[PDB]
Amino acid sequence: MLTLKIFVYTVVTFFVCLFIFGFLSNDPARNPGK
Amino acid sequence: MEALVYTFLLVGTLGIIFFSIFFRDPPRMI
Amino acid sequence: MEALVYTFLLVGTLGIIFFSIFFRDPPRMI
Amino acid sequence: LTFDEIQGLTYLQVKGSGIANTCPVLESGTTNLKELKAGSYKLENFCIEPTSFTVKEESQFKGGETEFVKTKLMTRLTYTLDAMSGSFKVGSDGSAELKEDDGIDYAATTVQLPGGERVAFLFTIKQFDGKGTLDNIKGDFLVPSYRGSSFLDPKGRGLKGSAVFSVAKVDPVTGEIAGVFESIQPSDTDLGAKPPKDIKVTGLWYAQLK
Amino acid sequence: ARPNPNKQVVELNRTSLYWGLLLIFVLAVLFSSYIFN
Amino acid sequence: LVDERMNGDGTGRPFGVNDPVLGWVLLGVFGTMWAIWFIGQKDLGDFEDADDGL
Amino acid sequence: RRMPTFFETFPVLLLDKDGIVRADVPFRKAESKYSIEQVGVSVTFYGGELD
Amino acid sequence: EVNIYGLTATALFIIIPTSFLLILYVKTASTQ
Amino acid sequence: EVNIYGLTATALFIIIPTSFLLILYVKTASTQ
Amino acid sequence: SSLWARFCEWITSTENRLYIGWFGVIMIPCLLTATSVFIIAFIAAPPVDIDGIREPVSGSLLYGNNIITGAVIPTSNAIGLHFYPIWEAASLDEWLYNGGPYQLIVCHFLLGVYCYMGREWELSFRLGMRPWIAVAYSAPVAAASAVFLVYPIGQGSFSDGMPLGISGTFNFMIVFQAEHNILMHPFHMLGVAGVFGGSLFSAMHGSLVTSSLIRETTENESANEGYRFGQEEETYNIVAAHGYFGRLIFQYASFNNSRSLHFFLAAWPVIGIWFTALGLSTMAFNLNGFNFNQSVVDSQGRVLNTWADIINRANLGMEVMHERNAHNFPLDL
Amino acid sequence: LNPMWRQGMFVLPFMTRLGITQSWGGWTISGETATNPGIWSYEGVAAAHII
Ligand code: CLA
Ligand SMILES: CCCCCCCCCCCCCCCC(=O)OC[C@H](CO[C@@H]1O[C@H](CS(=O)(=O)O)[C@@H](O)[C@H](O)[C@H]1O)OC(=O)CCCCCCCCCCCCCCC
Ligand SMILES: CCCCCCCCCCCCCCCC(=O)OC[C@H](CO[C@@H]1O[C@H](CS(=O)(=O)O)[C@@H](O)[C@H](O)[C@H]1O)OC(=O)CCCCCCCCCCCCCCC
Ligand SMILES: CCCCCCCCCCCCCCCC(=O)OC[C@H](CO[C@@H]1O[C@H](CS(=O)(=O)O)[C@@H](O)[C@H](O)[C@H]1O)OC(=O)CCCCCCCCCCCCCCC
Ligand SMILES: CCCCCCCCCCCCCCCC(=O)OC[C@H](COP(=O)(O)OC[C@@H](O)CO)OC(=O)CCCCCCCCCCCCCCC
Ligand SMILES: CCCCCCCCCCCCCCCC(=O)OC[C@H](COP(=O)(O)OC[C@@H](O)CO)OC(=O)CCCCCCCCCCCCCCC
Ligand SMILES: CCCCCCCCCCCCCCCC(=O)OC[C@H](COP(=O)(O)OC[C@@H](O)CO)OC(=O)CCCCCCCCCCCCCCC
Ligand SMILES: [Cl-]
Ligand SMILES: [Fe+2]
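Residues numbered from 1 in each chain as written, not as in the entry; some residues may be left out. Chains lettered and ligands numbered in written order. Part of a larger assembly, values for the part shown. Heavy atoms only, no water.

Judging from the entry metadata, cryo-EM is the method by which this structure was determined, and 3.73 Å is the reported resolution.

Looking at the header, the entry is titled "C2S2M2N2-type PSII-LHCII". Check the Subcellular location section of the UniProt entry for chain E; it says "Plastid, Chloroplast thylakoid membrane". Heading Sequence similarities of the UniProt record for chain E holds this comment: "Belongs to the PsbL family." (UniProt positions renumbered as here; feature names shortened; annotations may be inferred.)

The name the PDB entry gives chain D is Oxygen-evolving enhancer protein 1 of photosystem II, with Chlamydomonas reinhardtii as the organism. Per its UniProt entry, chain D bears the Sequence similarities (unreviewed entry) comment "Belongs to the PsbO family."

So, in structure tokens, the structure goes:
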């Protein structure tokens, strides 16, 4: 079960880190703008 | 039960015979 | 017997959902 | 752990790990059979662990002989009958006469078979009298009732097994006695609607003379 | 070329309609007794 | 016991971590993602006071 | 007491000549006072096949 | 015993190629 | 017990309006 | 150029068909997980002890349940509010017995719909609209979270959540009426007014606009070919429709502004659903509904009966039969 | 006394031919039960083909 648990934590933390470092990566300028 | 299936198939074959005889395309000329 | 009919109907509904999403007519302009 | 090693812990440390579902592990006390004095003793905390639940599969696949089959537990850590007591004589040469009256003497557990079939059964050592000399402490117990008589069936309508102890380690000072345990009991039946099944349970046990 | 240069049209006239329907019902009339057994 | 299980309910451990092997994976994903982001910082907007708001 | 129309599983009662219940078939079997086993109601037939 | 499978097989072998031929005939006679 | 007639009714109610709609769609999309 | 820049440009592109965005990286895999567990567990789940009283309950299609009676069984009450994943269990024949896929699917589906609401913000901001679609989508999210998360927190068990099935939904609703009397509660009547008014306003607006379509086609072909896509001509005479409505009922209940009409359509059923979303959350914490037992009393002191004193008998009949094998002590449901 | 070929079984004596001898129910072909089914049981092979 531990082989599963490392994999679940890996996928969860990969997607959450992708989320956070996506929103830090210059979000409110990728609009149509003015 | 299956007698109705038999009768339906025979009557449907006769119906296709009827429509083939009378409602064909006209064989037209040149 | 009937479980296969149930599963076939659910999978067919999901398939029509799939084709409706991806194989629609393009909504075209003027 | 031992008994004092368990009771040194608080409730907040036992809660959530599975230490509570254990007999306390007894230290080196092997083969002290001559170090056993007499008296009409009692037991302080007579706990009994199981360690394997096997079911006699009556379905044939080889011939007219059926063995016992290792299976899986189903509910959760819901075993090890606790706090049993009664009246517990030690005799002259090692004849133990062990009588059980009180305590949590029952636990209802479910167990599959390979084949996808669930079987519920009680684990009861209610009112046991073991009078034997340190190798086959035999006697019988009761399988009282799988469910109460006031049970509602899903549409609103409506015995004795075998048990063998053994003794392995003896604390000479405090009387802490360990050993191995086997039993065979029937399963739940829904009042003759389903024929019962034989179930063997193996495990360890623990006691504290007083 | 992104639109297909080989989009072609199937064609099935009334004579072939009658032949196909007569074939299917004659096959049914023949095999139905052996299927129902 | 009868069987084998992690026994992680009711423990109260940080991030549900039991092994340090389980603990290193958090940093091993977080730091590499941070490093990829910090490399990707090259092609973004860094500035003195060029702020994105009213 | 005859079964009404709406009731699919109407429970079994036994009326007197007036409308007072004197026996029943109890749904719960523990503290039954008006059970047929306790009262001792017999049945007699008139007419029909089992006359 | 009658083939309850067999009656479904009969009905399917009727309806499926019949509809298959009707689609092609109506597509053909639509244009001309 | 499952129905003798139920699977036949199910299959017929599937196939008949399905073929009815397919005929009209292929006749429509033939021209355009 | 760089890998992260190209990846961010792809993931915030607007030319891929189903949009992703940055909430999409939690919306997509988590809901695919919930769907892929739900389709398996609706078909081939073994029977589940919902009660903790050693009585398994069949819920799947393979064990004698059709589409209406098929359901994902919720977690047992002995499991409680404890987080119970796969890896804490012993086997997969032990995780499925104690209500596993309900615990997995609900905790997935909630994060899925919250990130879906975030995505509905994000694509509106990426196109350049005004951002208030997610505010309207906050109402069924609240209605889902009240029955899947808030009420089992209030009752202390994941048993009393809504079972994931058609015939299980009603067994949630009726026992909820038994224990909490949802009909005699003023939030719920506001929600009934919300859904009925929403149906009325949808049928009324779809009548009064379709009744004023400017003719562009003939009477042989479809009446829907009169609207060529992407034009700038108002296809419905809203002046004539407003005049017809003003002749029909009132001239001071006008709503002559099309934008005021659309604000009213956006704010009637959403505020209707919000009050039931609060009502479930209040009844979760045992803040019970109304109670008019023995209100009408004669001059002596005897008890008369009303419709409340009939609904009390119906709720007694439900209460002395729900959870038929568990309750021994005379209260606390 | 009831083998596979009396039952009209068709694609299972090819999985059993190439060595798939265990299902997720725990039963096997020769009669005894095996403990570990692994990834590759009969239902796993079927689901892999669906995927
Ligand atoms: C005339 C009778 C009547 C009417 C009109 C209503 C009306 C209502 N009742 Mg109700 N009720 C009644 C009688 C009635 N009741 C009686 C007699 C009882 C007693 C038995 C009850 C007991 C009762 C309970 C116990 C509850 C209600 C609730 C509700 C509300 C449900 C609507 C809602 O919030 O859904 C809103 C939408 C959702 C819940 C769905 C959320 C959408 C999710 C997030 C996304 C869907 C995902 C999906 C799978 C995606 C599909 C994909 C696919 C297309 C591929 C609504 C106001 C509920 C409530 O309070 O609502 C908040 C509630 O819990 N009622
Ligand atoms: C399970 C099935 C069992 C068997 C049932 C019977 C067999 C059905 C098979 C199909 C029948 C033949 C269809 C193809 C021929 C056809 O379209 O005719 C073409 C003709 C002449 O062609 C055209 O007709 C036009 C003039 S006019 O229409 O004839 O007036 C003209 O414009 C043009 O020149 C000319 O080409 O005109 C028609 O369009 C009439 C169409 C009628 C076809 C519908 C038949 C289906 C219902 C019959 C079911 C009977 C039920 C029992 C009755 C008691
Ligand atoms: C019991 C049933 C259970 C449910 C089964 C699934 C639902 C079937 C319902 C019908 C499916 C949709 C048909 C109408 C849409 C369509 O024609 O696409 C139109 C597209 C794009 O349109 C056109 O395509 C042309 C380009 S191209 O063809 O796409 O390349 C282009 O010229 C043109 O501009 C464009 O308009 O192109 C096609 O012509 C492809 C046709 C494919 C339709 C056949 C589907 C039947 C087989 C599916 C069964 C699956 C079996 C299980 C698989 C594992
Ligand atoms: C072992 C586990 C097995 C799990 C199996 C998982 C099965 C589900 C997978 C989903 C398959 C169906 C979608 C794939 C088609 C697709 O990508 O669209 C085709 C377009 C074309 O993109 C274009 O795609 C191009 C790449 S390509 O060349 O075309 O491949 C790219 O170059 C271009 O930029 C872009 O415009 O892709 C996109 O728009 C975005 C891609 C991601 C979107 C798909 C995921 C969303 C699915 C919804 C999930 C919720 C559903 C809940 C359950 C009902
Ligand atoms: C598995 C899921 C998919 C299932 C699909 C459904 C099944 C498909 C079945 C296809 C049926 C094809 C039949 C079409 C039949 C058909 O329409 O023919 C049409 C075709 C005419 O071809 P042409 O050269 O004339 O092309 C011009 C047009 O007529 C055709 O578009 O004839 C043939 O080429 C030979 C085909 C057999 C025709 C001659 C055989 C005569 C048999 C007569 C039987 C009656 C007498 C019996 C005596 C007892
Ligand atoms: C129980 C206790 C729980 C504690 C939880 C702690 C949570 C930590 C949350 C951190 C949030 C950081 C926010 C982003 C921070 C951010 O904005 O990044 C950007 C920042 C630099 O920004 P600049 O681009 O302006 O740098 C200056 C120049 O680059 C300008 O061109 O970098 C940092 O300062 C990182 C700070 C330490 C971050 C932690 C260290 C990361 C590396 C550690 C990983 C080790 C790798 C090991 C490999 C196996
Ligand atoms: C000289 C190389 C020739 C290779 C020919 C391969 C033909 C294609 C075979 C694909 C189907 C594999 C058969 C099932 C194989 C199978 O079922 O494996 C089963 C196994 C996973 O299942 P399990 O571990 O659970 O085994 C079941 C038991 O353990 C449980 O009772 O896979 C492995 O552990 C390693 C497999 C390596 C397979 C390597 C193939 C992938 C790399 C191939 C790259 C070759 C490139 C060559 C370029 C010149
Ligand atoms: Cl109780
Ligand atoms: Fe509108």
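Before going further, it helps to examine the overall build of chain E. The helix and strand tally for chain E stands at one helix and zero strands. Viewed in the frame of its principal axes, chain E has a C-alpha envelope of about 55 × 20 × 5 Å. Out of the 37 residues belonging to chain E, those deemed buried represent 27%. Of the roughly 3000 Å² of accessible surface on chain E, 60% is carried by carbon and sulfur atoms. (Helix = DSSP H or I, 4+ residues; strand = E, 2+ residues; numbered from the N terminus. Buried < 20%, exposed > 50% of the residue type's maximum accessible area, 1.4 Å probe, protein only. Areas by Shrake-Rupley, 256 points an atom, 1.4 Å probe, with all protein chains shown as cover.)

Taken as a whole and assessed by the stated rule, the structure comprises eight salt bridges over all chains. Linking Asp198 of chain D and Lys56 of chain D is a salt bridge whose minimum nitrogen-to-oxygen distance equals 3.6 Å. The partly exposed category is assigned to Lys56 of chain D, whose relative accessible area is 27%. Between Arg76 of chain D and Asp9 of chain F there is a salt bridge, with the nearest N and O atoms lying 3.7 Å from each other. Here the residue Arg76 of chain D occupies a position in the loop between strand 3 (68-70) and strand 4 (86-90), and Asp9 of chain F occupies one in the segment before helix 1 (20-40), the pair thus bridging two chains. With relative accessibility at 26%, the residue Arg76 of chain D sits in the partly exposed group. (Salt bridge = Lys/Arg side-chain N within 4 Å of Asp/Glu carboxyl O.)

Moving on, we come to the side chain of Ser19 of chain I. Residue placement: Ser19 of chain I occurs in helix 1 (residues 6-31). Within the structure, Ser19 of chain I has its side chain in polar contact with the backbone oxygen of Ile16 of chain I (distance 2.7 Å). (Polar contact = N/O pair within 3.5 Å; in protein donor to acceptor, adjacent residues only side chain to side chain.)

This brings us to the interface of chain A and chain J. If you look at the interface, chain A gives 16 residues, while chain J gives 19 residues. Here chain A packs against chain J, burying approximately 1600 Å² in sum over the two surfaces, 75% of which is carbon and sulfur. Per-residue buried area on chain A facing chain J is highest for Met1, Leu18 and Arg30 of chain A; these three make up 34% of the total on that side. At the junction of chain A and chain J, the tally comes to three residue pairs in polar contact. Classifying every residue of the side of chain A that touches chain J gives ten nonpolar, three polar and three charged. (Contact = heavy atoms within 4.5 Å. Buried area = accessible area lost by both parts, 1.4 Å probe. Nonpolar A, V, L, I, M, F, W, Y, C, P; charged D, E, K, R; others polar.)

Nonpolar side chains tend to gather and get buried jointly when the protein is soluble and globular. If you look at the biggest cluster of nonpolar residues, it comprises 34 residues, and the most contacted ones within it are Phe46, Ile48, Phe53, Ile125, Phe165, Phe181 and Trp205 of chain D. Going through the elements one at a time, strand 2 (52-56), strand 4, strand 5 (96-100), strand 6 (106-111), strand 7 (119-124), strand 9 (162-165), strand 10 (176-186) and strand 11 (198-208) of chain D are the ones with two or more residues in this core. With four residues, strand 11 of chain D is the single largest residue contributor to this core. Dropping the residues within four chain positions of it, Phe46 of chain D is found in contact with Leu81, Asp82, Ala83, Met84, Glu100, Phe165, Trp205, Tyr206 and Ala207 of chain D. Grouped together as the second largest cluster of nonpolar side chains are 26 residues, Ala41, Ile105, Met162 and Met283 of chain J included. (Core = buried A, V, L, I, M, F, W, Y, C linked by side-chain atoms within 4.5 Å.)

This part covers the site of ligand 6. All names here are of chain F. With respect to spatial proximity, the complete set of residues near ligand 6 consists of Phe30, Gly31, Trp34, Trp37, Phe38 and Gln41. The separation between an oxygen atom of ligand 6 and a polar side-chain atom of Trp34 is 3.5 Å. Surface burial for ligand 6 is 31%, taken as the share of its 1200 Å² of free accessible area covered by protein chains. Across the shell around ligand 6, the residue classes break down as four nonpolar, two polar and no charged. (Near = heavy atom within 4 Å.)

Turning our attention to a nonpolar patch on the surface. A surface patch of nonpolar side chains, about 960 Å² in accessible area, is lined by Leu14, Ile17, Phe18, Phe19, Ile21, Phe22 and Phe23 of chain C together with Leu18, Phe38 and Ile39 of chain J. Elements supplying a minimum of two residues to the nonpolar patch: helix 1 (2-22) of chain C together with helix 2 (24-43) of chain J. Broken down by element, the residue count for the nonpolar patch peaks at six residues, all from helix 1 of chain C. Turning to its location among the elements, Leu14 of chain C is positioned in helix 1. (Patch = residues over 30% accessible without salt bridge, like charges linked within 9 Å, V, L, I, M, F, W, Y side chains within 5 Å.)

Comparison of the 15 pairs of chains in contact shows the highest number of contacts for chains A and J. There is a gap between chain A and chain H: no contact, and a shortest C-alpha distance of 45 Å. Separated without contact, chain B and chain J have their nearest C-alpha atoms at a distance of 28 Å.

All names here are of chain J. Protein coordination at the iron ion (ligand 9) comes from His205 (NE2) and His262 (NE2), with a distance range of 2.7 to 2.8 Å. In this pair, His205 sits in helix 7 (residues 186-210) while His262 sits in helix 9 (residues 258-284), placing the two residues 57 residues apart along the sequence. Since its relative accessible area comes to 26%, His205 is described here as partly exposed. (Donors = N, O, S within 2.8 Å, 3.2 Å for Na, K, Ca; no water.)

Before going further, it helps to examine the UniProt feature "transmembrane region" in chain E. Those residues carrying the UniProt feature "transmembrane region" are residues 16-36 of chain E in this numbering. Along residues 16-36 of chain E one finds 100% helix and 0% strand; the C-alpha atoms at either end are 29 Å apart.

Turning our eyes to something else, we now look at the site of ligand 2. With respect to spatial proximity, the complete set of residues near ligand 2 consists of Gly12, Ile16, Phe19 and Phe23 of chain B together with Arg14, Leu17, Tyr18, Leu21 and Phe25 of chain E. At the site occupied by ligand 2, the surrounding residues belong to chains B and E. At 3.0 Å, a side-chain N or O of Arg14 of chain E approaches an oxygen atom of ligand 2. Within the complex, the protein chains bury 36% of what would otherwise be the 1100 Å² of accessible surface of ligand 2. Elements supplying a minimum of two residues to the shell around ligand 2: helix 1 (2-22) of chain B together with helix 1 (14-36) of chain E. A class-by-class count of the residues in the shell around ligand 2 yields seven nonpolar, one polar and one charged.

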